[PDB]
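To start, the structure itself, in structure tokens.
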RNA sequence: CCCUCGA
DNA sequence: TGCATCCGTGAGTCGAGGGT
DNA sequence: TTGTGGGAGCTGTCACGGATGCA
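Protein chains in written order, with UniProt numbering: chain H, 21 to 202; chain S, 244 to 438; chain U, 2 to 48; chain V, 98 to 146.
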């Protein structure tokens, strides 16, 4: 009697839609929200229409389904990021947000300097011998794993590690401008 | 008319019906009829037919089928162009575009759920109409009926608004823009200067 | 880098096939970002 | 899940769809927003026989 | 975007 | 079918700092 | 998911052109 149940639905529940929408408008105050909530109520009501006892007042039953889906909507929105929609995001807002972000609103000058040499660092690296500079560059500038650093310089792991630790020492000596930055 | 005579025709509601009509549409036939009407006719029928021909003759050049006027897939703008930023207070500010796309998504998914549940045709039709209306808002809000509103009964600016006015991209960001190496200050006379 | 000598700029209607040829995946979920981790939810508008 | 019309071409005056199908925009409004059906096809041979 | 102000 | 009505279009520039 | 159950605003704008629709 499944199609009989859905026909009973189209006979009984559908003429209640106007009053149910009036109530949804009362409790949402936004017509698009009320339409969304009424269609949600209809999904939740047609899903379990067998569970309604034929004969009693289905107005109150559907109204309770409406109020319960509204309550669940409020509880779910309380668990979402609270969003306020704006016509335009303000420059003050972009900057305020940039104040707590992992990367700021960077300027063209910052980018330019970052793409230009860091003279104190470049000279220190150029002071090292070739093998040591290459080992430290591959190791803790590009971050390769030590076996890969070996395979690029075709020397065993131990001697790449030797070159690495000793080039780190030599650069630690060469960089007295760590105190300027540390 | 469907209970009897049902296997003799197809009828339907909505954009799917409009899409079928465009499918069965013979552009050469209608273009020829309109050319005939404008050549051998006179009066306001001539003028209305010239109006109607401006569309068909244009759709009659290098493909460009009118099927593009009905959509089965909506494109979603890259998310950088619709930012979401955290505010002092733990609250967020989102561009309206995200609320519009979110209503489209919600209604499309609810329509999927109804189609799966084999809901009454009246309810599924309600959901299809709501989906149409939410895409209408996304594209050009307020153009038909009420505009989707945010708090303070403020109509959400759609994709059409982003382009129009002295605030749209054309007048606000392409024909003029903020520049670097520029300053501003009060002026004083300084009569000792040269021209 | 674009040499900025474009001959012409042309519109037409997009087909649903064009709209899918642009897309990198369907946005299936309405959720934006986690209220806790501030990270973009999968299949959402910021996925 | 269901096709949708572009509001630029339905409601943008003059309705380009209206000019395209020779339909009144009033009737297109009835159709697109589920107020009235339209006959998309008819089997004239079967109707005749 | 809005509010109050400035030329 | 000939208009009347209804609708949709447009309505100055740049600044400051405080807000949803 | 069961006696009952329709929003908060709003107009205090103006000129013009053309589709829309109506008798």
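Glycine included, C-beta positions come from ideal geometry on N, C-alpha and C.
_If I measure Cβ to Cβ from residue 44/H and keep anything under 7 Å in the same chain, skipping five residues before and after, which residues do I get?_
54, 57, 58 and 86.
*Could you list which residues in chain S have their beta carbon closer than 8 Å to that of residue 47/U, in chain order?*
322 and 327
_Strictly by DSSP, which residues pair up with residue 305/S?_
DSSP, once it has assigned bridges, lists no residue as partnering residue 305/S.
*Find the residues of chain U that neighbour residue 176/H, judging by a C-beta separation of less than 8 Å, and give them in chain order.*
By Cβ distance, chain U contributes nothing, its closest Cβ being about 42 Å from residue 176/H, past 8 Å.
_The beta strand (DSSP E) enclosing residue 33/U, as first and last residue numbers_ = Following the DSSP letters along the chain, one finds residue 33/U in no beta strand (DSSP E), marked with neither H nor E.
*Count the other CB atoms, across all protein chains shown, that sit within 10 Å of the CB of residue 245/S; report buried if there are 16 or more and exposed otherwise.*
exposed
*For residue 17/U, does the three-state DSSP call read helix, strand or coil?*
helix
_Determine whether the beta carbon atoms of residue 406/S and residue 339/S lie at a separation below 8 Å._
Not in contact: residue 406/S and residue 339/S (Cβ atoms no closer than 8 Å).
*residue 309/S: which of 140/V, 115/V and 142/V sits nearest, CA to CA?*
Nearest option by C-alpha distance: 115/V.
*Is the shortest distance between the beta-carbon of residue 108/V and the beta-carbons of chain S less than 8 Å?*
yes
_For residue 40/H, three-class secondary structure by DSSP_ = Helix at residue 40/H.
*Within-8 Å CB hit, residue 223/H to chain U*: Summary: the structure shown does not reach residue 223/H, with chain H confined to residues 21 through 202, and so no result is reported for it.
_N-terminal and C-terminal residue of the beta strand (DSSP E) that residue 254/S is part of_ = 252-255
*What's the C-alpha gap between residue 314/S and residue 128/V?*
16 Å
*Taking a Cβ distance cut-off of 7 Å, strictly less, list which residues of the segment 9-25 of chain U are near chain S, in chain order.*
13, 14, 15, 16, 17, 20, 21, 23 and 24
*Beta carbon of residue 316/S: closer than 7 Å to some heavy atom of the ligand NAP?*
With respect to small molecules bound, the structure shown includes none, and the ligand NAP cannot be examined in it.
*Taking Cβ-Cβ distances shorter than 7 Å, what residues in chain U pair up with residue 307/S?*
13 and 14
_I want to verify the contact list: residues of chain S whose CB lies under 8 Å from the CB of residue 119/V, in sequence order._
273 and 295
*Please confirm whether residue 335/S and residue 83/H have their CB atoms less than 8 Å apart.*
No, Cβ-Cβ distance for residue 335/S and residue 83/H is not below 8 Å.
*Given residue 262/S as reference, the closest of 307/S, 294/S and 311/S once Cα atoms are compared*: 311/S
*Please check the pair residue 302/S and residue 270/S, which I expect to be a contact at CB under 8 Å, by giving their CB distance rounded to whole angstroms.*
At roughly 6 Å, the Cβ-Cβ gap stays under 8 Å, so residue 302/S and residue 270/S are in contact.
*In this structure, what does DSSP give as the bridge partners for residue 393/S?*
397/S
*Can you find a CB in chain U that lies within less than 8 Å of the CB of residue 426/S?*
no
*Please decide whether residue 38/U counts as near chain H, where near means a Cβ-Cβ distance under 8 Å.*
With respect to chain H, the C-beta atom of residue 38/U has no partner C-beta closer than 8 Å.
*Could you name the residues of the same chain whose beta carbon sits closer than 6 Å to that of residue 37/H, not counting the 5 residues immediately before and after it, in chain order?*
none
*Using a Cβ-Cβ cut-off of less than 8 Å, give me the residues of the segment 338-367 of chain S that come near chain U, in sequence order.*
341, 344, 345, 348, 349 and 352
*Identify whether residue 111/V lies in helix, strand or coil by the three-state DSSP scheme.*
Coil, per DSSP.
_Does the structure place the segment 68-78 of chain H close enough to the segment 379-397 of chain S that three or more beta carbon pairs sit under 8 Å?_
no
_Unbroken stretches of the alpha helix (DSSP H), 4 residues or longer, contained in the segment 340-418 of chain S_ = 364-382
*What does a CB cutoff of less than 6 Å around residue 373/S pick up in its chain, not counting 5 residues either side in sequence?*
Closer than 6 Å at the Cβ level, and outside the excluded window around residue 373/S, lie 350.
*asked:* Please report whether the beta-carbon of residue 103/V lies at a distance below 8 Å from any beta-carbon of chain S.
replied: yes
_Please classify residue 117/H as buried or exposed, where buried requires at least 16 other C-beta atoms within 10 Å of its C-beta._
buried
*Flag this pair as touching only if the segment 120-136 of chain H and the segment 118-126 of chain V have three or more C-beta atom pairs under 8 Å; answer yes or no.*
no
*Can you give me, in chain order, the residues of the segment 81-113 of chain H that have a beta carbon less than 7 Å from any beta carbon in chain S?*
101, 102, 103, 104, 105, 106, 107, 109 and 113
*asked:* Can you give me the C-alpha to C-alpha distance between residue 190/H and residue 171/H, rounded to a whole angstrom?
replied: Rounded to whole angstroms, residue 190/H to residue 171/H spans 24 Å at the Cα level.
*Do you know how far the Cα of residue 145/V is from the Cα of residue 139/V?*
11 Å
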